[PDB]
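Report on the following structure.
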Amino acid sequence: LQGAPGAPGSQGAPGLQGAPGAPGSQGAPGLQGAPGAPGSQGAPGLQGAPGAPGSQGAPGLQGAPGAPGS
Amino acid sequence: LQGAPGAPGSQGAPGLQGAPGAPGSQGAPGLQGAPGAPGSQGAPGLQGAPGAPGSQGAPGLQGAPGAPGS
Amino acid sequence: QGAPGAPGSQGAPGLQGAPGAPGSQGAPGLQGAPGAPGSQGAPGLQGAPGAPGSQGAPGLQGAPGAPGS
Amino acid sequence: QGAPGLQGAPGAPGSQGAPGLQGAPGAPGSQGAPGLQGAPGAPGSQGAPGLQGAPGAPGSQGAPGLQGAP
Amino acid sequence: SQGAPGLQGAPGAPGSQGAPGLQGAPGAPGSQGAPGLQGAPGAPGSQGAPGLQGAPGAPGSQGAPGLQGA
Amino acid sequence: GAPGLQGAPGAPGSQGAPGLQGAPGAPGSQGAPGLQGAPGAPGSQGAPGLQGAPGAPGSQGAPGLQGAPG
Amino acid sequence: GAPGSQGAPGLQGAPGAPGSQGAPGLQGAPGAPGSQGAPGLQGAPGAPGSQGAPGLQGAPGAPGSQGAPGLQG
Amino acid sequence: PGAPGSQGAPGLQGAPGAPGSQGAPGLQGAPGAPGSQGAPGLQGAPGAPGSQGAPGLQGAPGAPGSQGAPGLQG
Amino acid sequence: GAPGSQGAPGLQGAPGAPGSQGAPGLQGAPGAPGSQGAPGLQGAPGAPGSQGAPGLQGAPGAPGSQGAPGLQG
Amino acid sequence: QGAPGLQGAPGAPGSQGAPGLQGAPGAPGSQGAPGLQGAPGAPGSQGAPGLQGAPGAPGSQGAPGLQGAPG
Amino acid sequence: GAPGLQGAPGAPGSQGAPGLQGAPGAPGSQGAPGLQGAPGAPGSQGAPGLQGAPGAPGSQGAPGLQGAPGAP
Amino acid sequence: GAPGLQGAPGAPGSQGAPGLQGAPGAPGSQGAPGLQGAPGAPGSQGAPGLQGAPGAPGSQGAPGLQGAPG
Amino acid sequence: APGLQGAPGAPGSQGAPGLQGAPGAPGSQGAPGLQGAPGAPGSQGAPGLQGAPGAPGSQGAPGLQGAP
Amino acid sequence: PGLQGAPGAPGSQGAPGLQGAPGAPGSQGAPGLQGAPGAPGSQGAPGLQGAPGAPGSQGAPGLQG
Amino acid sequence: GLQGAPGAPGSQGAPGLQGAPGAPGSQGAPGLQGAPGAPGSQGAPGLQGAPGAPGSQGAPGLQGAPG
């Protein structure tokens, strides 16, 4: 008999994986930001009182001047 | 009679390289994960008396005693 | 009788099918640094200099000249 | 009478599996919508400086007269 | 007449054997979030009041306008 | 001598065997927030402070009358 | 006689049909929608009222209002 | 002569029933995703404009010079 | 005896039929950047200016007052 | 007769596989939000009362003690 | 007669891969930062203090015009 | 002399359109785009903290004289 | 009588090669340094002394008589 | 009788005959590197009052006359 | 027992693809947007307020009261 005919063998589909790997996305929530951190200002911050004067009870006052007359 | 009585049979084919792609990865990404906030607003309040209430020295008076005569 | 050889692609043609897991890329990580102004306030002008002055100074005109005899 | 050992056909050295995708899942942060600053504060218009009359020195300035001769 | 066959090749499996590979599906598309945002008032400390002269007056208390008596 | 070649049980096989499907899908998220937070109450109003009224006390001694020794 | 009868058939195989519908993805980037608003430029009227100097000046009330200036006698 | 036993009746030969769609027939649904827009910043200015004028004109400054009112002069 | 029996013209390939070849999964359509909108009302839009501008530190010439009522003669 | 005929009806096609794959459109540039506003300050000339021009009585020159010409 | 038979011949060529439309390689986007806005100088507006706060009155408090009898 | 033509046409592995045919050509730009519009922050200008010049004549002369220079 | 048939392995099947597989494909660039846009917004260089706030003068004797 | 048709062994002529280049960007990264802007030369206000002293009239009246 | 072998290609791997044709693709950088040379502002001094004159005011000279 002629047993030569054997046809293709158990061909290899599952053999070998092309190139595995997750997609490229990995990261972290960014990096250095900038100043912030709200706070306060301090309300009354304009000219205070240029020489805020004081109690002026009486100016130059001629107190009962004496007039020598004997 | 005869002519191919051998047995070349079936030869198991090799496995094709799978689909190749660029490996990657994923995580907890983003941006501004370090919001610095050195602004830290703390501006001071007033830097002096409220209105700098004057009328303070109060040196007012006639002057020397009022000693008249004649 | 007859000469039938091993027919078909017997000799392990091979690499017919790709059993892979192709990736796309590696890792486009964090992107943006910025995102905060910085507005630390400043101490405004002095509240007020409390009570400078006091012009109350009298003239001291306390009966100049000897009082009349 | 025996002779023709009809060559068995190698089908495939594969396996009856299903697409196995979840190779190593789990690299999340569930996004970041709470982005480290949310902290709504609703601040504004603190204590009003109801600055008012600072009484310096009320007065009348009584009237000197000439009709006190005894 | 009749013989005996055999010589069956690799019958690995008529399947699709799927083995997961590496890092994939967790809970990425979750959106999430709570501190959405804030912002609007920024109201400076309530406008308290401008000041006023609390108790003005008229100084004096000497008089004696050309007085020769009392 | 050599009978009809009986038959080859087709070795059950179809290959495939994905084997590795790394990075199944959406492998983790992070960073999808809103605006901001942590606002502070702006400093109080900058209105004029208590105006210390004039240091003009009640003048009462000014009335001296007098006028003549008798 | 006759050439015997049928020797060896085949039946390919039962239709797998559209290959097993694989694993779809999830929302592409299902981020929290809507432009996140920020504080208004000048939201709260902390002090948009009188922003000048609507005051007065000291002519009246305590003006040059002395008593008797004096004269002969 | 008889019947040695032939080979016929080929039920199926190369018309593959099993292959239905192959090539990953249909990519399973791609869920449309939402997302925020260009999140607005400063919008809304019903506040102090930023023009605090000045200390309202001092109502009671400027002692108006008086007539003196010294007194009689004999 | 044994009339010539065909041993091949009958069949032409017997089985075959790959099967079901897993369909793929479309990944969700992307979204958009950020969290929700709503500019909000609890920030710090810093109203500058103040009602210290009103001022109005009195009205009359309060400083002077004077009025010491001398005589004239 | 040594052998009969045969007919090898063509066999080869019908195996539409798949070489490497596209991956489809990854994602578009996600414009964020702009940084944040610049430094602080109440826009304007932060003026402040300098000082008086009227030392006490402005230009009154009262001459306290001015002669009343009491002839 | 004489024998004879053949196998493998007859194949029409396996259906080749049409491939993929366009180019593969799913790209990946990223998050744009933003611009820090125009700045400002901490301070305020104002000024009017020209007569900020009166000082000592010239050479005397206020109009005196006092005199006293000195002539006949 | 009757031969038998080919009976087992050698079938190699066919190929086809790989899976997702969509050329990625990813949406938009595939990156962190340009920074958004810098929000112009306000800010004060030069603080005129010194007016001190009202044209006021604040001044006096000198005690005139004893009176009626004779 | 019959001989045999043509058995050309794959005349014309191939011979044309396929473009080089897997080029690292050089010649790229991105995120060129930082795009900081350095320009000092307002002449970063410290400015000079701002307009000097002139102090008031000072004057001695306008005239003294004392003893004539 | 007697022939082999056209037997010369199975010449494949090869196989990978269309294209192999996936392509790639190359040497990522460009110079750029500006450094971010500066700021406005912050005029630190003027000074003030170099010598206000006593603008007036120190007549210094004499005596005994 | 005759045989005539007209012939056939025999065996080949001619195409064999190749490796790395050379930049069949490229990444153009976003360039250097802005203007390099990172500056930073600085504070100006203040002109010493124009000195009017150090203390010279006083009491104008009138007389010395010979009496």
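By convention here, the chains of the structure tokens are called A, B, ... in the order presented, each chain's residues are numbered starting at 1, and ligands are numbered starting at 1 in the order presented.
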Q. DSSP on the backbone: what in chain A comes out strand (DSSP E or B), as JSON, numbers by chain?
A. {"A": [5, 12, 19, 24, 29, 32, 40, 62, 66]}
Would you mind exporting N, CA and C atoms of the selected residues as a PDB file, in the first residue's frame?
```pdb
ATOM      1  N   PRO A   5       0.622   9.498   1.910  1.00  0.00           N
ATOM      2  CA  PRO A   5      -0.247  10.648   2.200  1.00  0.00           C
ATOM      3  C   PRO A   5      -0.484  10.801   3.694  1.00  0.00           C
ATOM      4  N   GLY A  12       0.644  24.985  13.985  1.00  0.00           N
ATOM      5  CA  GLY A  12       0.736  25.801  15.181  1.00  0.00           C
ATOM      6  C   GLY A  12       0.121  27.178  15.050  1.00  0.00           C
ATOM      7  N   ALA A  19       3.525  40.601  20.673  1.00  0.00           N
ATOM      8  CA  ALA A  19       4.186  41.489  21.616  1.00  0.00           C
ATOM      9  C   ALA A  19       3.207  41.864  22.718  1.00  0.00           C
ATOM     10  N   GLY A  24      -0.078  52.213  26.910  1.00  0.00           N
ATOM     11  CA  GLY A  24       0.659  53.268  27.570  1.00  0.00           C
ATOM     12  C   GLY A  24      -0.237  54.363  28.097  1.00  0.00           C
ATOM     13  N   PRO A  29      -1.003  61.936  39.582  1.00  0.00           N
ATOM     14  CA  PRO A  29      -1.674  63.238  39.489  1.00  0.00           C
ATOM     15  C   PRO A  29      -0.693  64.394  39.366  1.00  0.00           C
ATOM     16  N   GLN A  32       4.566  69.473  40.670  1.00  0.00           N
ATOM     17  CA  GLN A  32       4.552  70.746  41.383  1.00  0.00           C
ATOM     18  C   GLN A  32       3.533  71.710  40.797  1.00  0.00           C
ATOM     19  N   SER A  40      -6.165  85.586  54.952  1.00  0.00           N
ATOM     20  CA  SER A  40      -6.728  86.875  55.329  1.00  0.00           C
ATOM     21  C   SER A  40      -5.830  88.004  54.836  1.00  0.00           C
ATOM     22  N   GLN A  62      -3.701 135.413  77.896  1.00  0.00           N
ATOM     23  CA  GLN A  62      -3.220 136.473  78.777  1.00  0.00           C
ATOM     24  C   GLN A  62      -4.014 136.410  80.076  1.00  0.00           C
ATOM     25  N   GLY A  66      -0.841 142.090  85.013  1.00  0.00           N
ATOM     26  CA  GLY A  66      -0.709 143.126  86.023  1.00  0.00           C
ATOM     27  C   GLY A  66      -0.243 144.433  85.412  1.00  0.00           C
TER      28      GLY A  66
END
```
Least-squares fit on all C-alpha atoms, paired in order: put chain B onto chain A and return it as a compact mmCIF listing (two decimals) with N, CA and C atoms, in the first residue's frame.
```
# COMPACT_ATOMS: atom_id res chain seq x y z
N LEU B 1 5.85 0.83 -3.15
CA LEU B 1 4.44 1.16 -2.98
C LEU B 1 4.14 1.59 -1.55
N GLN B 2 3.45 2.72 -1.40
CA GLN B 2 3.08 3.21 -0.09
C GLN B 2 4.31 3.66 0.70
N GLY B 3 4.13 3.92 1.99
CA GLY B 3 5.23 4.30 2.86
C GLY B 3 4.89 5.45 3.78
N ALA B 4 4.07 6.39 3.30
CA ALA B 4 3.52 7.45 4.14
C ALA B 4 2.09 7.75 3.71
N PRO B 5 1.22 6.75 3.73
CA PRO B 5 -0.18 6.95 3.35
C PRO B 5 -1.08 7.45 4.46
N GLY B 6 -0.53 7.89 5.59
CA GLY B 6 -1.34 8.39 6.68
C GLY B 6 -1.85 9.78 6.37
N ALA B 7 -1.95 10.63 7.39
CA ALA B 7 -2.34 12.01 7.16
C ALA B 7 -2.00 12.88 8.36
N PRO B 8 -0.72 13.05 8.70
CA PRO B 8 -0.38 13.98 9.78
C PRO B 8 -0.91 15.38 9.54
N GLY B 9 -1.13 15.76 8.28
CA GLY B 9 -1.90 16.94 7.96
C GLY B 9 -1.26 18.22 8.46
N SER B 10 -2.10 19.22 8.70
CA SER B 10 -1.68 20.53 9.15
C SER B 10 -2.19 20.76 10.57
N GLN B 11 -1.29 21.12 11.47
CA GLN B 11 -1.62 21.36 12.87
C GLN B 11 -1.54 22.86 13.14
N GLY B 12 -2.69 23.46 13.46
CA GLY B 12 -2.76 24.89 13.70
C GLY B 12 -1.92 25.34 14.88
N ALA B 13 -0.92 26.17 14.61
CA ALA B 13 0.03 26.59 15.62
C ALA B 13 -0.62 27.50 16.66
N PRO B 14 -0.13 27.45 17.90
CA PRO B 14 -0.60 28.40 18.92
C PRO B 14 -0.17 29.83 18.61
N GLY B 15 -0.85 30.78 19.24
CA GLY B 15 -0.55 32.18 19.07
C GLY B 15 0.55 32.65 20.01
N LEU B 16 1.54 33.34 19.45
CA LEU B 16 2.62 33.88 20.27
C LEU B 16 2.12 34.99 21.17
N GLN B 17 2.69 35.08 22.37
CA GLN B 17 2.41 36.22 23.22
C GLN B 17 2.79 37.50 22.50
N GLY B 18 1.88 38.46 22.48
CA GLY B 18 2.14 39.73 21.84
C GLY B 18 3.27 40.48 22.50
N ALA B 19 3.52 41.71 22.07
CA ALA B 19 4.55 42.51 22.71
C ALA B 19 4.08 42.90 24.11
N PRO B 20 4.82 42.57 25.16
CA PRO B 20 4.42 42.96 26.51
C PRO B 20 5.03 44.28 26.95
N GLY B 21 4.22 45.09 27.62
CA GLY B 21 4.67 46.37 28.13
C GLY B 21 3.92 46.73 29.39
N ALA B 22 4.40 47.78 30.06
CA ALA B 22 3.84 48.19 31.33
C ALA B 22 2.58 49.03 31.13
N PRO B 23 1.43 48.56 31.59
CA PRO B 23 0.20 49.35 31.47
C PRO B 23 0.28 50.64 32.28
N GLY B 24 -0.47 51.63 31.82
CA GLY B 24 -0.53 52.91 32.49
C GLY B 24 -1.84 53.60 32.20
N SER B 25 -1.84 54.93 32.30
CA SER B 25 -3.04 55.71 32.08
C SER B 25 -2.67 57.19 32.06
N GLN B 26 -3.66 58.03 31.73
CA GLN B 26 -3.46 59.46 31.57
C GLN B 26 -4.71 60.19 32.04
N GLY B 27 -4.56 61.48 32.33
CA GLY B 27 -5.67 62.27 32.81
C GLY B 27 -5.49 63.77 32.65
N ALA B 28 -5.83 64.51 33.70
CA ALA B 28 -5.59 65.95 33.73
C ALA B 28 -4.49 66.24 34.74
N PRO B 29 -3.25 65.90 34.41
CA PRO B 29 -2.15 66.04 35.37
C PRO B 29 -1.60 67.46 35.41
N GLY B 30 -0.54 67.62 36.18
CA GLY B 30 0.12 68.91 36.32
C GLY B 30 0.75 69.03 37.69
N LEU B 31 0.95 70.28 38.11
CA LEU B 31 1.39 70.57 39.46
C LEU B 31 0.81 71.90 39.90
N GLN B 32 0.79 72.10 41.22
CA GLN B 32 0.23 73.31 41.83
C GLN B 32 -1.21 73.54 41.37
N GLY B 33 -2.00 72.47 41.39
CA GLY B 33 -3.43 72.61 41.23
C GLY B 33 -4.13 73.14 42.45
N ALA B 34 -3.40 73.25 43.56
CA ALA B 34 -3.91 73.80 44.81
C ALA B 34 -2.95 74.88 45.28
N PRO B 35 -2.90 76.01 44.58
CA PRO B 35 -2.08 77.13 45.06
C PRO B 35 -2.71 77.75 46.29
N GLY B 36 -2.12 77.50 47.45
CA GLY B 36 -2.79 77.85 48.70
C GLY B 36 -3.07 79.34 48.81
N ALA B 37 -2.04 80.15 48.62
CA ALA B 37 -2.16 81.60 48.75
C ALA B 37 -2.70 82.04 50.11
N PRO B 38 -2.22 81.48 51.23
CA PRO B 38 -2.57 82.05 52.54
C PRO B 38 -1.96 83.42 52.81
N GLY B 39 -1.04 83.89 51.97
CA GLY B 39 -0.52 85.24 52.15
C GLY B 39 -1.62 86.28 52.19
N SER B 40 -2.55 86.20 51.24
CA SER B 40 -3.79 86.99 51.26
C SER B 40 -3.54 88.40 51.78
N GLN B 41 -2.66 89.11 51.08
CA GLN B 41 -2.16 90.39 51.57
C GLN B 41 -3.31 91.32 51.94
N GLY B 42 -3.31 91.76 53.19
CA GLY B 42 -4.35 92.63 53.69
C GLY B 42 -3.84 93.66 54.68
N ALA B 43 -2.57 94.03 54.55
CA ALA B 43 -1.93 94.84 55.58
C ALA B 43 -2.73 96.11 55.82
N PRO B 44 -3.00 96.47 57.08
CA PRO B 44 -3.90 97.59 57.36
C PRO B 44 -3.30 98.93 56.97
N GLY B 45 -4.19 99.90 56.77
CA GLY B 45 -3.79 101.25 56.46
C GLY B 45 -3.16 101.95 57.65
N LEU B 46 -3.27 103.28 57.69
CA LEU B 46 -2.72 104.04 58.81
C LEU B 46 -3.25 103.51 60.14
N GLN B 47 -2.51 103.75 61.21
CA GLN B 47 -2.89 103.36 62.56
C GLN B 47 -2.98 104.58 63.46
N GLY B 48 -3.34 105.72 62.88
CA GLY B 48 -3.45 106.95 63.64
C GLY B 48 -3.84 108.09 62.74
N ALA B 49 -3.98 109.27 63.35
CA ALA B 49 -4.40 110.44 62.61
C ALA B 49 -3.35 110.80 61.55
N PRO B 50 -3.78 111.38 60.43
CA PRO B 50 -2.80 111.80 59.42
C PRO B 50 -2.02 113.01 59.89
N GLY B 51 -0.76 112.79 60.26
CA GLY B 51 0.04 113.83 60.85
C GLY B 51 -0.25 114.12 62.31
N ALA B 52 -1.26 113.48 62.89
CA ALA B 52 -1.66 113.73 64.27
C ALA B 52 -1.76 115.24 64.53
N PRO B 53 -2.64 115.94 63.81
CA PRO B 53 -2.67 117.40 63.91
C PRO B 53 -2.65 117.91 65.34
N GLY B 54 -1.55 118.54 65.73
CA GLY B 54 -1.42 119.08 67.06
C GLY B 54 -2.15 120.40 67.20
N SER B 55 -1.58 121.33 67.96
CA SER B 55 -2.21 122.62 68.20
C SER B 55 -3.65 122.43 68.68
N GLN B 56 -3.80 121.56 69.68
CA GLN B 56 -5.11 121.08 70.11
C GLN B 56 -5.56 121.65 71.45
N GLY B 57 -4.73 121.55 72.49
CA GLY B 57 -5.17 122.00 73.80
C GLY B 57 -5.47 123.48 73.84
N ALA B 58 -4.61 124.29 73.24
CA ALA B 58 -4.77 125.74 73.18
C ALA B 58 -5.07 126.35 74.55
N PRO B 59 -4.29 126.02 75.58
CA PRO B 59 -4.48 126.66 76.89
C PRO B 59 -3.76 127.99 77.04
N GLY B 60 -3.28 128.57 75.94
CA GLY B 60 -2.45 129.75 76.05
C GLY B 60 -3.25 130.96 76.50
N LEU B 61 -2.64 131.76 77.37
CA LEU B 61 -3.20 133.01 77.85
C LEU B 61 -2.19 133.61 78.81
N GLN B 62 -2.43 134.86 79.22
CA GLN B 62 -1.47 135.53 80.09
C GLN B 62 -1.29 134.77 81.40
N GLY B 63 -2.38 134.31 81.98
CA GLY B 63 -2.37 133.64 83.26
C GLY B 63 -3.50 134.16 84.12
N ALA B 64 -3.20 134.55 85.35
CA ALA B 64 -4.19 135.22 86.17
C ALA B 64 -4.42 136.63 85.63
N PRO B 65 -5.55 137.24 85.98
CA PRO B 65 -5.87 138.56 85.43
C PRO B 65 -4.80 139.58 85.76
N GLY B 66 -4.56 140.49 84.81
CA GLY B 66 -3.58 141.54 84.98
C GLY B 66 -4.09 142.74 85.75
N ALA B 67 -4.18 142.62 87.07
CA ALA B 67 -4.69 143.69 87.91
C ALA B 67 -3.53 144.51 88.47
N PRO B 68 -3.15 145.62 87.83
CA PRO B 68 -2.07 146.44 88.38
C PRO B 68 -2.59 147.51 89.34
N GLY B 69 -1.69 148.35 89.84
CA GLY B 69 -2.11 149.44 90.70
C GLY B 69 -0.90 150.13 91.30
N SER B 70 -1.19 151.24 91.97
CA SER B 70 -0.17 152.03 92.65
C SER B 70 -0.77 153.30 93.26
```
(Q) What's around residue 68 in chain H at 12 Å? Count only C-alpha atoms, leave out sequence neighbours fewer than 2 positions away in its own chain, and write the answer as JSON, numbers by chain. (A) {"E": [63, 65], "G": [63, 64, 65, 66, 67, 68, 69, 70], "H": [64, 65, 66, 70, 71, 72], "I": [64, 65, 66, 67, 68, 69, 70, 71, 72], "J": [60, 61, 62, 63, 64, 65, 66, 68], "K": [61, 62, 63, 64, 65, 66, 67]}
Q: First superpose chain F onto chain L using a least-squares fit over all Cα atoms taken in order; then report the RMSD in Å.
A: 5.2 Å
Q. Hey, what's within 8 Å of residue 51 in chain J if we count only C-alpha atoms and toss same-chain stuff fewer than 4 positions away? As a list in words, please?
A.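 My reading of the contact set: residues 50 and 51 of chain A; 49, 50, 51, 52, 53 and 54 of chain K; 50, 51, 52 and 53 of chain L.
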Q.
Can you give me the C-alpha RMSD, to one decimal in Å, for chain G fitted onto chain I with all Cα atoms paired in order?
A.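 The C-alpha RMSD comes to 4.8 Å.
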Using only C-alpha atoms, determine which residues lie at most 6 Å from range 53-61 of chain D, disregarding the query and same-chain residues fewer than 6 positions distant; provide the list as an mmCIF file with N, CA, C and O atoms, in the first residue's frame.
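part_5.cif written:
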```
data_model
loop_
_atom_site.group_PDB
_atom_site.id
_atom_site.type_symbol
_atom_site.label_atom_id
_atom_site.label_comp_id
_atom_site.auth_asym_id
_atom_site.auth_seq_id
_atom_site.Cartn_x
_atom_site.Cartn_y
_atom_site.Cartn_z
ATOM 1 N N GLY E 51 -16.154 106.437 61.400
ATOM 2 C CA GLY E 51 -16.265 107.038 62.711
ATOM 3 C C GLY E 51 -16.761 108.468 62.655
ATOM 4 O O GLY E 51 -16.957 109.059 61.593
ATOM 5 N N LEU E 52 -16.967 109.034 63.842
ATOM 6 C CA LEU E 52 -17.431 110.408 63.960
ATOM 7 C C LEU E 52 -16.974 110.955 65.303
ATOM 8 O O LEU E 52 -16.663 110.199 66.226
ATOM 9 N N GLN E 53 -16.919 112.280 65.396
ATOM 10 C CA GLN E 53 -16.544 112.920 66.649
ATOM 11 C C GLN E 53 -17.598 112.619 67.709
ATOM 12 O O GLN E 53 -18.723 113.124 67.643
ATOM 13 N N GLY E 54 -17.229 111.793 68.684
ATOM 14 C CA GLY E 54 -18.176 111.298 69.663
ATOM 15 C C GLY E 54 -18.837 112.372 70.501
ATOM 16 O O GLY E 54 -20.059 112.366 70.669
ATOM 17 N N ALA E 55 -18.045 113.299 71.031
ATOM 18 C CA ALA E 55 -18.551 114.370 71.889
ATOM 19 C C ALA E 55 -17.705 115.618 71.695
ATOM 20 O O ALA E 55 -16.788 115.897 72.476
ATOM 21 N N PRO E 56 -17.977 116.389 70.647
ATOM 22 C CA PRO E 56 -17.313 117.687 70.496
ATOM 23 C C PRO E 56 -17.828 118.686 71.521
ATOM 24 O O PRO E 56 -18.861 118.485 72.164
ATOM 25 N N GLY E 57 -17.088 119.777 71.669
ATOM 26 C CA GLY E 57 -17.465 120.786 72.630
ATOM 27 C C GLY E 57 -16.816 122.121 72.344
ATOM 28 O O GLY E 57 -16.236 122.339 71.279
ATOM 29 N N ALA E 58 -16.933 123.017 73.317
ATOM 30 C CA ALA E 58 -16.335 124.349 73.246
ATOM 31 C C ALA E 58 -15.547 124.600 74.524
ATOM 32 O O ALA E 58 -16.154 124.698 75.611
ATOM 33 N N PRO E 59 -14.225 124.711 74.453
ATOM 34 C CA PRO E 59 -13.425 124.905 75.664
ATOM 35 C C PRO E 59 -13.440 126.363 76.106
ATOM 36 O O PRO E 59 -14.031 127.232 75.467
ATOM 37 N N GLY E 60 -12.755 126.617 77.219
ATOM 38 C CA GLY E 60 -12.757 127.937 77.819
ATOM 39 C C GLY E 60 -12.692 127.892 79.331
ATOM 40 O O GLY E 60 -11.752 127.334 79.905
ATOM 41 N N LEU F 50 -13.459 105.272 65.152
ATOM 42 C CA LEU F 50 -14.102 106.209 66.062
ATOM 43 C C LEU F 50 -13.356 107.533 66.067
ATOM 44 O O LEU F 50 -12.223 107.620 66.552
ATOM 45 N N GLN F 51 -13.990 108.568 65.528
ATOM 46 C CA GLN F 51 -13.380 109.889 65.458
ATOM 47 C C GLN F 51 -13.420 110.530 66.837
ATOM 48 O O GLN F 51 -14.479 110.966 67.298
ATOM 49 N N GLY F 52 -12.271 110.572 67.506
ATOM 50 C CA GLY F 52 -12.187 111.265 68.773
ATOM 51 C C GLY F 52 -12.583 112.715 68.602
ATOM 52 O O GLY F 52 -11.839 113.498 68.005
ATOM 53 N N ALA F 53 -13.749 113.088 69.122
ATOM 54 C CA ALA F 53 -14.265 114.434 68.916
ATOM 55 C C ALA F 53 -13.294 115.452 69.497
ATOM 56 O O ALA F 53 -12.348 115.077 70.202
ATOM 57 N N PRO F 54 -13.488 116.740 69.226
ATOM 58 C CA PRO F 54 -12.515 117.737 69.684
ATOM 59 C C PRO F 54 -12.363 117.711 71.197
ATOM 60 O O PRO F 54 -13.325 117.496 71.936
ATOM 61 N N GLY F 55 -11.132 117.933 71.650
ATOM 62 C CA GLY F 55 -10.859 118.050 73.068
ATOM 63 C C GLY F 55 -11.287 119.397 73.609
ATOM 64 O O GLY F 55 -10.496 120.104 74.241
ATOM 65 N N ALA F 56 -12.543 119.762 73.363
ATOM 66 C CA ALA F 56 -13.075 121.049 73.781
ATOM 67 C C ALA F 56 -14.047 120.846 74.935
ATOM 68 O O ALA F 56 -15.267 120.806 74.729
ATOM 69 N N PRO F 57 -13.545 120.727 76.161
ATOM 70 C CA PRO F 57 -14.423 120.424 77.294
ATOM 71 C C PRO F 57 -15.384 121.567 77.577
ATOM 72 O O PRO F 57 -15.234 122.685 77.080
ATOM 73 N N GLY F 58 -16.389 121.265 78.390
ATOM 74 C CA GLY F 58 -17.365 122.266 78.764
ATOM 75 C C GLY F 58 -16.736 123.455 79.454
ATOM 76 O O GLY F 58 -16.334 123.367 80.617
ATOM 77 N N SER F 59 -16.644 124.574 78.745
ATOM 78 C CA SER F 59 -16.176 125.817 79.340
ATOM 79 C C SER F 59 -17.303 126.431 80.154
ATOM 80 O O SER F 59 -18.383 126.704 79.620
ATOM 81 N N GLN F 60 -17.065 126.634 81.447
ATOM 82 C CA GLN F 60 -18.098 127.188 82.310
ATOM 83 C C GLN F 60 -17.571 128.361 83.123
ATOM 84 O O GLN F 60 -18.330 129.269 83.478
#
```
Q: Kindly provide, as a ChimeraX atom specification, the residues of chain D having any atom no farther than 12 Å from an atom of chain C, counting only C-alpha atoms.
A: /D:6-7,9-12,14,19-23,35,37,56
**Q.** Straight-line distance linking CA of residue 12 in chain E with CA of residue 14 in chain G, stated in Å to one decimal
**A.**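 Computed distance, CA of residue 12 in chain E to CA of residue 14 in chain G, equals 18.2 Å.
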Which chain G residues have any atom within 12 Å of an atom of chain J, and for each, what is the nearest pair of atoms with distance in Å to one decimal, counting only C-alpha atoms, rows sorted by chain and number, as JSON lines?
```
{"residue": "G:3", "atom": "CA", "partner": "J:4", "partner_atom": "CA", "distance": 11.0}
{"residue": "G:12", "atom": "CA", "partner": "J:14", "partner_atom": "CA", "distance": 11.9}
{"residue": "G:19", "atom": "CA", "partner": "J:17", "partner_atom": "CA", "distance": 11.9}
{"residue": "G:25", "atom": "CA", "partner": "J:24", "partner_atom": "CA", "distance": 12.0}
{"residue": "G:27", "atom": "CA", "partner": "J:27", "partner_atom": "CA", "distance": 11.9}
{"residue": "G:28", "atom": "CA", "partner": "J:27", "partner_atom": "CA", "distance": 8.1}
{"residue": "G:29", "atom": "CA", "partner": "J:27", "partner_atom": "CA", "distance": 8.5}
{"residue": "G:31", "atom": "CA", "partner": "J:30", "partner_atom": "CA", "distance": 11.0}
{"residue": "G:35", "atom": "CA", "partner": "J:33", "partner_atom": "CA", "distance": 9.1}
{"residue": "G:36", "atom": "CA", "partner": "J:33", "partner_atom": "CA", "distance": 9.2}
{"residue": "G:37", "atom": "CA", "partner": "J:33", "partner_atom": "CA", "distance": 10.3}
{"residue": "G:38", "atom": "CA", "partner": "J:36", "partner_atom": "CA", "distance": 10.2}
{"residue": "G:39", "atom": "CA", "partner": "J:37", "partner_atom": "CA", "distance": 11.2}
{"residue": "G:40", "atom": "CA", "partner": "J:37", "partner_atom": "CA", "distance": 12.0}
{"residue": "G:41", "atom": "CA", "partner": "J:37", "partner_atom": "CA", "distance": 10.1}
{"residue": "G:42", "atom": "CA", "partner": "J:42", "partner_atom": "CA", "distance": 11.9}
{"residue": "G:63", "atom": "CA", "partner": "J:57", "partner_atom": "CA", "distance": 11.6}
{"residue": "G:64", "atom": "CA", "partner": "J:60", "partner_atom": "CA", "distance": 10.7}
{"residue": "G:69", "atom": "CA", "partner": "J:68", "partner_atom": "CA", "distance": 9.5}
{"residue": "G:70", "atom": "CA", "partner": "J:68", "partner_atom": "CA", "distance": 8.4}
{"residue": "G:71", "atom": "CA", "partner": "J:70", "partner_atom": "CA", "distance": 7.1}
{"residue": "G:72", "atom": "CA", "partner": "J:70", "partner_atom": "CA", "distance": 6.0}
{"residue": "G:73", "atom": "CA", "partner": "J:70", "partner_atom": "CA", "distance": 8.4}
```
